[PDB]
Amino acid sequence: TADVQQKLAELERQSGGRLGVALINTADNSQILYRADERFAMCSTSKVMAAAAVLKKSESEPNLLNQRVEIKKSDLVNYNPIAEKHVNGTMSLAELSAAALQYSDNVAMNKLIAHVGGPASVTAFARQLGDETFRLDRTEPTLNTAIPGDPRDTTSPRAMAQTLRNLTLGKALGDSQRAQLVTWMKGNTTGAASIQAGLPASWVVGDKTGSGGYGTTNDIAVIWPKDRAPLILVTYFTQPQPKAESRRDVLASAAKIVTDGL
């Protein structure tokens, strides 16, 4: 409706930044879109695609998720809450996937990237899903710079919502692998202040947040509203000032606006 559009435009104006929203309502294959074809830096929301690429690879490599990966001091980057505990030992690729998705561990993301063949291999995976917009170009920590005008490590809200639908609700992944991705995302520990904060307490959410330079504040989610078919929601947000603070409340407000009535 124009109503939801006016409300998102007002939210964007109040926030002072640039807001991108894509909601897919699977009850009727409908969408609510706001700047949904513009590019935004994904930041840690890209961890979903890296984990999914590993899961895809595991469909033909049944030992992949159990493969042991050494964690070294030389791997630490910024923000390694889980990997720090395992320095000089190994973690399995399953453990690294869980750490990347549930604690936003950056070392874990770098190991996923390395074990599928680098950023361009994650991008090639996206192309196999029919996503010709996503691009992963750097490793952690630099993929989060989020400089205005820089297309590196960006996607659009529309593309990411469609891809998330395919990964979590469709059959881009096999039965076991899709269930694993959804279980990992439902177990996220870092998302309560973002999309979830704009939804009723009873709704079930699997999400992945991200943040970065220019006050970039993001969340992507699969949502099961009480007694309704699932939704996919992408909320991306970025600001004009390099040192702007995160605005998770803007994502919560966007979620409340677009799910009002559901």
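Position 1 is the first residue in the sequence shown; the rest follow in order.
Taking only CA atoms, the mean B-factor in the PDB entry is higher for 66-74 than for the other of 66-74 and 44-52. Comparing 228-236 with 55-63, the higher mean C-alpha B-factor in the PDB entry belongs to 55-63. Take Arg138, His86, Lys111, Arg158 and read off each C-alpha B-factor from the entry; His86 has the highest. Ranked by Cα temperature factor within the chain, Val116 sits in the highest third according to the deposited record. Residue-level temperature factors show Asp175 in the highest third of its chain, judged at the C-alpha atom.
Among the modelled residues of its chain, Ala2 has a C-alpha B-factor that falls in the highest third, as given in the PDB entry.
For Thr26, the recorded CA temperature factor ranks within the middle third of the chain's modelled residues. In this PDB entry, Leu11 carries a Cα temperature factor that places it within the highest third of its chain's modelled residues.
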